[PDB]
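Chemist: Dropping a structure here in C-alpha cells format, bear with me for questions.
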Amino acid sequence: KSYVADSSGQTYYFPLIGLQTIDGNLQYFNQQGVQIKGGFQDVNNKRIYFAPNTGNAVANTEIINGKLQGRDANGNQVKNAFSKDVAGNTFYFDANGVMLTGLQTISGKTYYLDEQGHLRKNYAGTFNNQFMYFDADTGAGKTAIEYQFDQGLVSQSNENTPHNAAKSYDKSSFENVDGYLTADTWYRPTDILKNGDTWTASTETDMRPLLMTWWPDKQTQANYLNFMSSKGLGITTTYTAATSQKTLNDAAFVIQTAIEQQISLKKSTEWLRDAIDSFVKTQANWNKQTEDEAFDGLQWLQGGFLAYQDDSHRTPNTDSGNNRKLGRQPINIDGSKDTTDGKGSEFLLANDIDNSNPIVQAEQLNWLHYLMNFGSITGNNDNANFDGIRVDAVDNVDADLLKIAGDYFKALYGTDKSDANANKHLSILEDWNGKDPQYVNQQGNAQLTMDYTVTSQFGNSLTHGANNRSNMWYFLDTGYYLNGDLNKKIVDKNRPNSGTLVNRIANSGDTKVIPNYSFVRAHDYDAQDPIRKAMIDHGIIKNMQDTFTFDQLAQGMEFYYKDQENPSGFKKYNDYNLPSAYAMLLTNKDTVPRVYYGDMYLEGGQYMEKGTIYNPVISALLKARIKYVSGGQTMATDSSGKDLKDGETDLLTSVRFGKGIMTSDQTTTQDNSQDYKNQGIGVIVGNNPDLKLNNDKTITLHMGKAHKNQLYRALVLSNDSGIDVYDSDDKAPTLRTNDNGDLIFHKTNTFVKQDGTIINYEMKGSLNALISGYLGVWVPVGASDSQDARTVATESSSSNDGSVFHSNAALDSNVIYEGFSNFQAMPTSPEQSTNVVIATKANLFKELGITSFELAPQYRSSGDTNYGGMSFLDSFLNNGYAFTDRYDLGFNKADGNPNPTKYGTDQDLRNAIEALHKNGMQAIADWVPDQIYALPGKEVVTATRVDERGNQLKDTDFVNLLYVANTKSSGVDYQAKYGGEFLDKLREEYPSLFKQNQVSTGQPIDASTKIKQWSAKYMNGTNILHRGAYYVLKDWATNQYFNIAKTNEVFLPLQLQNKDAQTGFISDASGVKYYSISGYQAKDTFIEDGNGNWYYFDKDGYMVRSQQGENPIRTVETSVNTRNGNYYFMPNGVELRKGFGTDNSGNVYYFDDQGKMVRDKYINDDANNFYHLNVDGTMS
Ligand SMILES: OC[C@H]1O[C@H](OC[C@H]2O[C@H](O)[C@H](O)[C@@H](O)[C@@H]2O)[C@H](O)[C@@H](O)[C@@H]1O
Ligand SMILES: OC[C@H]1O[C@H](O)[C@H](O)[C@@H](O)[C@@H]1O
C-alpha cells in the first residue's frame, strides 16, 4: 500500500494495473504497472487526461481535427459549459462541443472570451459600447456602477470622548520622539475609568496606550480587538476592516473596561506594555515587512540599509548640513564613478558614520591621537602607547581618512624623513579592491597596502580544495616578461595591468616595487565562514547570520578542530597545505609577511590555550627567516602552463641568496662583506599528494654561484605521516651543491648526516593532516647561533620622492603578528585575559622575529544589546569590532569595580603594550572609523531604503519616510569625556594639518566643533531596525504626521482633542468624499476601503471615477511620489489592479499589483500566457 518511483522516475502503486483510484484520485496504470502522467489515456469509452506530477485525473483540452475540444475529469467531452485546461485557461464549449469566442451571454450573464477562447477575469473594457468589468471570481460582467465601500459617514464622539481625550497637547501627556508619535506611544487621558467603574481625573503617572483609544485605520483597529480578545480580555473574536465603525468602537470600549480591571487586579501596567509591544510587531506597517529586507551584497550581513536624508522642514536636527557624500573609496574619492559599480559600498554595518563631514573628520583624528598616545593620556606612561595603525574597512569610508592619518604621522613622527622613522610606526590597510595598490602608491604609501594577488594564488594552488587546484606555475606570472620568455627576460612595458604585484621569477632588487604586507589567513579571511559552515553542517545553527551562544560556538569548534587535525588528510572546513603556504610567505622578497594567531594556536577557547599541529613548522620557518632570509630571489616551476608534459612535476623552487647577493650568477658582494656565505634558503613545494617522479627525473635548486660546492642541510621535509622539523645542523640530513651551486634531487635520494648515519628519502607527494603535496626546505650548514640576516633601517634621507614606505631589505626584515581570533572564548579568569598573557609571553614573539604586534580592537563591545534589526557576530562575540564607546578600552565601572573588555582592563593593555616595547616590538591599534553600534537615544530621521552603495532600491515604497532610529549617544560616556579634547593642542602645534584641504570635500578638517555626543546628523544611515515604514504615526487622509512639539503647530486626531471625528465615505452632488478615523478629509491621497478596494482622492477632495464615453485612465501626481503613475479607475472609483483595462478607443493596457500602468515590457500570466506592452503602454 505505497507508491514507489524508479531511478528514471516511473511510478507504481503496490502492483495495481488498469483504472484505479488510490486515495480518491483517479489514475491509470499501464499493463506493466507504470503510472500514467502527463497524457491522455483511453480507458473504457471515455478519454481522460492525467496530470504531469501527481498523475491525477483533470480537465484538459486537445485539438481534434482543427478545432479545440474540451475533456472533463471523468473523461467525458464537454458540451454547454466552461472547462479548463492544465495551463489554467478556462474556455466555454457550446452544445455542439465547439469552443466559443468573443462576447457571450450565457445563463443571463455576460462573459468576455478573447480570440484564443480564454475567459478573461479581472478585465475592464467597453464591451457593449458601455463600460463593463469582468469579475475576478467568475468573469461575469458587472456594470461597476454600485459603490463597493460599506462605511457611510459616522460620528465617533460620544460620552467617553471627553474622558479619553488627551489631558494636554504636548510632551507632558504624550510619549514621543522629537515631537512625533509612535505606534507604542502611551498618553495621559483626561480621566481614567478606574477598575471599569468610575471615571476619575488622571494623575501624571496614569499613562495609557494610544491604541486603547485610537487607531490609524479599521484594519488595525480590528486586529487590535481580535488580539486583546485572545488574551482573556474578551470571548475570542473575529473582526474585519469590513465591520462597521460603530461596532468596532463599542468593542474597543468593552476591552478598555476589561483592561482597567486587570490593571486594578494586578496593580501594574507592565503586563500591558508587553501586550502592546507584541501586538504592534504583528502589524506590517510596524515591522520589517514594510522595510524590504534583502540579503544580496553587503546586505547579507544585516538585512538592508536606510540612508538618512537632509530634510530641514520635517527633521531639522537630523540635517547633515549638506555633507553626506557616499562611497568615496580610493578609486572614487572624487565621486567621478558615482553612477557605476566603482562607487564605494559606504554601508557595511550598524550605524554608518559620515566621514565626509569635516567635523567628523576632525573627531576621527582626535581619536587617532588618543590611540597613538593612549598610555600618556590614561596612565601617564609614555611607554604604553600604540606605534601604528590598521585601517579597518578602507573601501567603506571616505578615502580622505587615509590622507588625514598619513599627514598626522608625517607631522608628529617625520615618517617621510627616513626609513627608520617610517618603519618605527608600521601601518597597514584592509584595502580589498584590486585597484587600491596603485592608488596607495600614487599617494606615497603612507600605509602599507595588502597584496591580495598572492593570497589569492595560495587559495587556488594550495590552500583551497582537495584536488582541482591551479598549477604552481601561476605563482610565477610569466606574462610579466615579454612573450613569457624566461631566457630573454625583457619586461613587458605594455602589459594589460593583470598580474601579481611583485614579480619573483628573478628579483634582484633592480626595479621599484609597491611596498606591501601579505598573508595566508586572517581573523576575517578563511576563518569566519568555515567556522560557521562547520556549525551549520552539524545542526548547531541554521543560517550564517544566525545568532549563536558561546556554548554553541564551543561545540562547533570541537568539530572544526577534529577536521583540521584529521589524519586522513582531508579537510572539509579547514585549509590545506598551510605549512607549505607559510614556507613561501616567509621567504618572499619585497613584502612584510603577516602571521595569523589561528594558524599557530587554536582559534577557539582560551588565548594561547593550545598550539595547532602547524605550530612547530611555522615556528621553525620564522626562526630560520631571521638567520637566513636575505638577498635576491628566484622562483621557477617544473612546468610551462596549465597542462603538464610527460616528465613535468609542477614542483615550485624558490631561492634566496644571502645578504648582498642579488642574482644566480653573482659570486660576491660589492661591499666585500662575508655575511652571505651562510645565508640564503631553498624551498620546494608541490600541490599534488599523489605525485610520483619518473626514475630518470631530477629536480634542482639553483642556490647560486655565490654558493659553489657548499654543504646544505634540511630544515623541513615532508613524508607520509607528517613533516619533520630539524632544529640544528647535526640532527638533519646534509647534501652538497655542485660547482655551479645547484642542489640536485632524484626520485630516490640517499643523504648523509654530517656526523652519523645515512638517510633514505623519496621525492614523493604525501597526504596527511599537515600536507597534501610536497614540501622541502634547505639551509646552509655552519650558521652561527646568533646569526641575523636582517637589515637595520637607515636614518638618512634616502629618497626625496615624498613617499613614506619603501620596499627594501630593511622593510622586509619586519614581521607582523595578527595576534587574536574573533572566536576566542571569554576569559574564564582575569589571569587568562589575552593582554595579561601577551605581557608574560612577549619574549616568545621577539624570538620568532615579530617586529610589530597587531592587537585586537580594544573598544568596549556592544555585546548583546540590540535596539532592533539583526545582531552581528562581532557584537555578540565581543570581539571589539562592534562597540558603543570608542574611547572605552577597558576602564573600570564608575563604582570602582573592574570592567574588562574581552581582552582585559585598560591597565592590562598598557602593560601588554609596554611589555612589547621592552621586547623591541611595536603595537598596532585597530582604527575602526566606519561605524558604531547600539546607541541608546532615539531620534526621528528621514530615511530612504538603499543598497550598500547608497542607491535607492529599484522597487521600494520606502522613500523619504520618517523613521525612529537609535542614533544618539549617552552623552555621559568616554566619548563625552575625551571627544575633541586634543584638537586644540594639535592645531596650535601643527597648524597645517588643520589648513590642508581634503580631496573629497574641497575643505580642510573642522575642529571648530567637538563631538561629545553622537547623533544622526553625523551619520549616513543604519541597518534596518525592523520598526516599520509607518511606526511614526501619520494620518492617511492628509498624509501629515502627528506632532506635539510646539503648541503653535500641533496635529492630533480629533478624538484626542475632544472634537468630533467623522469617518467614512459620503456622497454629495459633486462626487464622493472620505473622512479618516482621525476625522480629516482625504485630499491628494490613495485610500483603501474595508473590503480591500483602493481609491484616489484628488486635490479637491473628490474620489476619481470614470465617466461614460471618456478615458478611464488617469495620470496621478501625489504628495507621495512613489505612487505617481497611470491608473485605471472604474465608474464606482475602484482602482483596477493586476489586470487589463480597455480605454475609450479600444486600446488595451495592463495595470500591476498596485494599480500602476505597465510600459515597455513582456508580462506573464498564471496560465502561461505572454503579453507585450509598448512604450506608450499599449499591448501589442
Ligand atoms: O591573482 C593573481 C594571479 O593573477 C593572474 O591569474 C589569475 C588566475 O588565472 C586563472 O584564472 C587561474 O585559474 C588562477 O589560478 C589565477 O589566479 C596571473 O596569471 C597569476 O599568475 C597570478 O597568480
Ligand atoms: O504522495 C506520494 C506520491 O508518490 C508519487 O509521486 C505518485 O505519483 C503520487 O500519486 C503520490 O501521491
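Please note that chains go A, B, ... in the order of the C-alpha cells, that every chain numbers its residues from 1, and that ligands are numbered from 1 in the order shown.
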Give me, as an MDAnalysis selection string, the set of residues whose atoms come within 9 Å of any atom of ligand 2, counting only C-alpha atoms and all ligand atoms.
Modeler: chainID A and resid 2:5 9:13 22:23 25 27 35:37 53:56
Chemist: With C-alpha atoms retained, export the selected residues as a PDB file, in the first residue's frame.
Modeler:
ATOM      1  CA  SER A   2       2.544   2.595  -1.157  1.00  0.00           C
ATOM      2  CA  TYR A   3       3.843   4.388  -4.228  1.00  0.00           C
ATOM      3  CA  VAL A   4       7.411   3.831  -5.377  1.00  0.00           C
ATOM      4  CA  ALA A   5       9.433   5.661  -8.040  1.00  0.00           C
ATOM      5  CA  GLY A   9      11.032   8.332 -12.066  1.00  0.00           C
ATOM      6  CA  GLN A  10       8.392   5.866 -13.295  1.00  0.00           C
ATOM      7  CA  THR A  11       5.835   5.228 -10.589  1.00  0.00           C
ATOM      8  CA  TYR A  12       3.994   2.075  -9.382  1.00  0.00           C
ATOM      9  CA  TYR A  13       1.401   1.540  -6.664  1.00  0.00           C
ATOM     10  CA  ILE A  22      -5.793   5.217  -4.899  1.00  0.00           C
ATOM     11  CA  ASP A  23      -6.611   7.716  -2.056  1.00  0.00           C
ATOM     12  CA  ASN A  25      -7.552  10.319  -7.030  1.00  0.00           C
ATOM     13  CA  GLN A  27      -5.176   7.332 -12.047  1.00  0.00           C
ATOM     14  CA  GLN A  35       1.668   5.193 -13.628  1.00  0.00           C
ATOM     15  CA  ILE A  36       0.433   7.353 -16.492  1.00  0.00           C
ATOM     16  CA  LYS A  37       1.459  11.030 -16.031  1.00  0.00           C
ATOM     17  CA  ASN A  53       3.411  15.184 -11.494  1.00  0.00           C
ATOM     18  CA  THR A  54       0.566  13.780  -9.463  1.00  0.00           C
ATOM     19  CA  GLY A  55      -0.966  11.694 -12.227  1.00  0.00           C
ATOM     20  CA  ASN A  56      -4.424  12.686 -11.017  1.00  0.00           C
TER      21      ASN A  56
END
Chemist: Just want the residues within 8 Å of ligand 1, written as a PyMOL selection string, counting only C-alpha atoms and all ligand atoms.
Modeler: chain A and resi 452-457+460-461+469-471+473-479+498-501
Chemist: Run DSSP on the backbone and give me the residues of stretch 836-914 of chain A it puts in alpha helix (DSSP H), as an MDAnalysis selection string.
Modeler: chainID A and resid 836:846 873:876 906:914
Chemist: So how far away is atom CA of residue A:1133 from atom CA of residue A:1114, in Å?
Modeler: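 These atoms are spaced 11.5 Å apart.
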Chemist: For each of A:334, A:739, A:820, A:367, take the minimum atom-to-atom distance to residue A:999, counting only C-alpha atoms, then give the residue where this is smallest.
Modeler: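 Ranking A:334, A:739, A:820, A:367 by distance to residue A:999, first place goes to A:334.
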Chemist: Mind giving me the straight-line distance from atom CA of residue A:484 to atom CA of residue A:637 in Å, one decimal?
Modeler: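 These two atoms are separated by 13.4 Å.
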Chemist: Which one of A:506, A:850, A:789, A:1016 sits closest to residue A:593 if you count only C-alpha atoms?
Modeler: A:850
Chemist: What is the atom CA of residue A:422-atom CA of residue A:585 distance in Å, reported with one decimal?
Modeler: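 For atom CA of residue A:422 relative to atom CA of residue A:585, the distance reads 22.9 Å.
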Chemist: A:947, A:378, A:566, A:634: which is nearest residue A:503, counting only C-alpha atoms?
Modeler: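 The answer is A:634, which sits nearest to residue A:503.
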Chemist: Closest to residue A:665 among A:62, A:729, A:742, A:575, using only C-alpha atoms?
Modeler: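 Going through A:62, A:729, A:742, A:575 one by one, the smallest distance to residue A:665 is for A:742.
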Chemist: Mind the document's chain letters and residue numbers, and return as a PyMOL selection string the residues of stretch 37-220 of chain A that DSSP labels strand (DSSP E or B).
Modeler: chain A and resi 39-43+46-50+57-58+60-64+67-71+77+81-84+90-93+99+102-106+109-113+119+123-126+131-134+140-142+152+154-155+166+174+177+180+182+186-187+189+191-194+198-201+208-209
Chemist: Which one is closest to residue A:929: A:843, A:76, A:351, A:549? Count only C-alpha atoms.
Modeler: A:351
